[PDB]
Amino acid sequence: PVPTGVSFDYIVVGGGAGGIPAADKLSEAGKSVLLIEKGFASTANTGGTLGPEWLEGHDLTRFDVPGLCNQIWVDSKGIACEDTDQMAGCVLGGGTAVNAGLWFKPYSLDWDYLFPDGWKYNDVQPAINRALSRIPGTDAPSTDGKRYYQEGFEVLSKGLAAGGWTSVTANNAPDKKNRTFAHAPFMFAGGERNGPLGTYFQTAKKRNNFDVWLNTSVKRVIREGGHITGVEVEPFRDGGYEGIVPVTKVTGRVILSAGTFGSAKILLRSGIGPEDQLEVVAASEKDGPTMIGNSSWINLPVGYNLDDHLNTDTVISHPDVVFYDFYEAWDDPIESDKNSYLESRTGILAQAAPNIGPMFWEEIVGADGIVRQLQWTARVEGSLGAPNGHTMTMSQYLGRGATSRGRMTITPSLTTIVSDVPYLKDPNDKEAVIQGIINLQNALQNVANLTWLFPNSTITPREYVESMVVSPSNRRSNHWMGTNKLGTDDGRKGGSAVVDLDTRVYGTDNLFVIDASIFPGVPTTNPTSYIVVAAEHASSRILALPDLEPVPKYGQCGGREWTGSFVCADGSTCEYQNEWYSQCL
């Protein structure tokens, strides 16, 4: 039930990695900010209560404890988003509430390579410095600075060093991403998940010019032509709001932080995206009758440029490797570990599940002269059906420089699907994957008693890869990006860009997108830190824009090539004439 007289300078939709820092920075500016979130309170510091019984009374939830982070894989109900075919957090904090918490200071090349000018490394470096001040990493999240069950790590790390790879502290040497290995850095603090929920959101929630609406889903933005007047909400759970909440007249702005799939969905429901997809929404049961008319539609490649890390698992077994069962930690945690975590915030439970071992990287020049970026995540766990005890999984991510891309589309149910699988469309992407496995095998070839289970010694790396099914189900990294791509090439004219350098949606004066969806591709690394940095950076670009200026009566307020204000001065309205012209009348 949305209140009589309330409006906001900024409305930020979605409480994830993009939305929380954006809403924090914008409310820090003194502007009035409303953060609308689908899900409910998650970590205890947001007032979340949800978790196992051994946490009861200890001021902790399932979202606070690093060693419980893998529960999401066996118990996601009411937490994971249901309007997508992939894995996403639909609680407050979004993906940062449920992810493994890996946190990386950006590799400069990622911004220089992926982004146009104004977003290159020189441009976002102040933003990088802000994000890493708010959240420095720690590669030793146990509050005593000790690390636990490192047997496996020491196995692989010693192996790698002998193979010619160099130890770094990853976030002290962000740019050393080639033939490098490191202790895994996390956004944890005080032995707890922390992150954006622990920093950005906490400073925000203290401000009286800041408001959060939980349990509230944004159906779409309401707009007259290219000017968004408000956002339309319905309760996702009891205590959510039903209605249309306005933004400050003329001057007010909306930011879509709902995620690569969620923000794209909202745009489509708002009559922004490819014709065929808008036409799907228009035909739909839920939205057909109330959708904005097809003459107000803005055609942008929403859902194109779908990107993710290509994940390829590898498994080894070594006798010194010690498995820890983080799943049995949900119900019946080993008591001394329960104890050191609850009293001291120390021990294996202050580390993310499963035990996340050496982190390492290399860059491989392909036949096309394109440098492709590999990241490996070693963790102590079976993967391909290898048994859990002495195994370690080594997961290769194919990152920046990969050329393959997919597409997201929307169902008649208004749920999103990955309908064009992104991975390995281009042969040189595959070559990098194969070469990386070969390269790793070379590094680890002198390690005694080390066994290759996956691929086993009788299968070549090429054969091993060639055998694998290429599908999001077994190959996704849950790093989905790119559906609202940021760029200078206006999508209305056939370009690939959904939003411009200020993250403004082409065809609008006040609508912006800050989340994973704007990245032209995936970075070297687990993307959360990058997404926070992009929010630091985008919110500053937005904050430095001059206030929007209404058009005088008879002036042009719209059209398919219009760059300007879409909103009219008092005493006139924007009126559509044709696809190239709207006038204030």
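Numbering starts at 1 and follows the sequence shown.
According to the PDB record, 453-461 carries the higher mean C-alpha B-factor of the two stretches 396-404 and 453-461.
In this entry, 324-332 has the higher mean Cα B-factor, the comparison being between 247-255 and 324-332. Residue set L384, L511, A497, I266: peak C-alpha B-factor at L384 (per PDB entry).
You'll see in the entry that, of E82, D502, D139, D337, the Cα B factor peaks at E82.
Placement of the Cα temperature factor of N305 within the chain: lowest third of the modelled residues, per the deposited record. Among all modelled residues in this chain, the alpha-carbon of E536 has a temperature factor (C-alpha) in the lowest third. In the PDB entry, a CA B factor belonging to the middle third of its chain's modelled residues is recorded for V551.
Per the PDB record, residue ranking by Cα B-factor puts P52 in the highest third of the chain.
For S419, the recorded CA B-factor ranks within the middle third of the chain. Only modelled residues enter the ranking.
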